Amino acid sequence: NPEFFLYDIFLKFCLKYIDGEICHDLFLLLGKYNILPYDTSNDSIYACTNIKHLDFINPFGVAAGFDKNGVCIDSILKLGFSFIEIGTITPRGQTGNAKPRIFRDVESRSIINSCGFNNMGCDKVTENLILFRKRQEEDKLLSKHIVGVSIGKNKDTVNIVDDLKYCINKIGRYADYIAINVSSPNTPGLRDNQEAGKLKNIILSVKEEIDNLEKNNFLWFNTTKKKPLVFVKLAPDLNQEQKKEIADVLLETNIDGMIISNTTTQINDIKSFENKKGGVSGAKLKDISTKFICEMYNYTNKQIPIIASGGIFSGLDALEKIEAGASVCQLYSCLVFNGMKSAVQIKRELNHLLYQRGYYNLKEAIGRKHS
């Protein structure tokens, strides 16, 4: 169904003549009224994966910033994804940086964005997630599907921890995991929070808040029925010293996983993006991103589970990430250039590769580039 030739003509048209953010908001509106195609495929028991008690039905999810407001959870998951990370949300809603702020280069399969955490705010998005969680009770088809929540700060917030605590206290209960966003290049100066000392306090404060949801306040209205796991999303634009210092902090603070990685500000060779501001995603991010997984997988001594992002388009791309050290993959740019067929196709390419490469299951491929 998501491989119907009609959708591919519509996307190729959208990519040529319609503004990126308009395409995205149109496709979200289509999902809001459940008019998008479904995935009928029964996923391979050999391509299943996990991060602690998080049981992924397949290794593919949707990266944060796709359904920022959690208005399209049901539809996006039904395209063939095991999970979705909603947000990044901020306590108060934001309209973001000036439009147009999303640009594409189809030849390089790359995207640049300067969104600036546009969202309805923690409270409205929590209302949107509560509605999905009530739908999930009635619909057995969504019973095993996972929902993460990416949390950040409002532009003008001096102390990030205040905003992270606010979000946990409102939406924590309905999340399977929380992703701490300290890596957006579009909120000055969010990336400073990746310094080891600041990151340690952020992790411990977030964890202390989740742990306190029990004491302060049935309680877990999520998939897992457990307190949410804590992940951290990191930027690829860091030196080796920084990556090591962060790795030590992750080991000490016992983070449940790491999202490697967010967009990059280090790409200079996209000609269409020369007059543009923000972070680059897509095919051009793949090598930078996979190298960062190897680095961190080794810096953390294989102790911290990895969530791969991005530059993932093919099964070969996904296998590369897995063998580098990732347990699950997240897609964003793939849905933009490949469209609705993304999940169904990538799941197939990977299954074929797992057989071809002589792996019994995906779990055996994790970190296999490292002896």
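Residue indices: 1-based, along the sequence shown. Between two forms, the rigid core is defined as the largest C-alpha subset superposing within 1.5 Å.
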query: Between 132-140 and 106-114, the one whose CA atoms sit farther away in 8 other deposited structures of this protein (rigid core aligned); finding: 132-140
query: RMS Cα shift after core superposition in 8 other deposited structures of this protein, winner of 189-197 and 121-129; finding: 189-197
query: Residues of the deposited sequence that sit between residue 218 and residue 217 yet are not modelled; finding: 4 to 9
query: 360-368 versus 4-12 - greater average Cα B-factor per the deposited record; finding: 4-12
query: Of 109-117 and 174-182, the one with larger mean CA B-factor; finding: 109-117
query: Residue, from 137, 85, 248, 256, that the PDB entry assigns the highest Cα B-factor; finding: 137
query: Out of 290, 239, 268, 281, residue topping the C-alpha B-factor column of the entry; finding: 268
query: CA B-factor ranking of residue 144, expressed as a third of its chain; finding: highest
query: Residue 341 - which third its CA temperature factor falls in, relative to the rest of the chain; finding: highest
query: CA B-factor ranking of residue 65, expressed as a third of its chain; finding: lowest
query: CA B-factor ranking of residue 165, expressed as a third of its chain; finding: lowest
query: Third of the chain's Cα B-factor distribution that residue 315 belongs to, per the entry; finding: highest
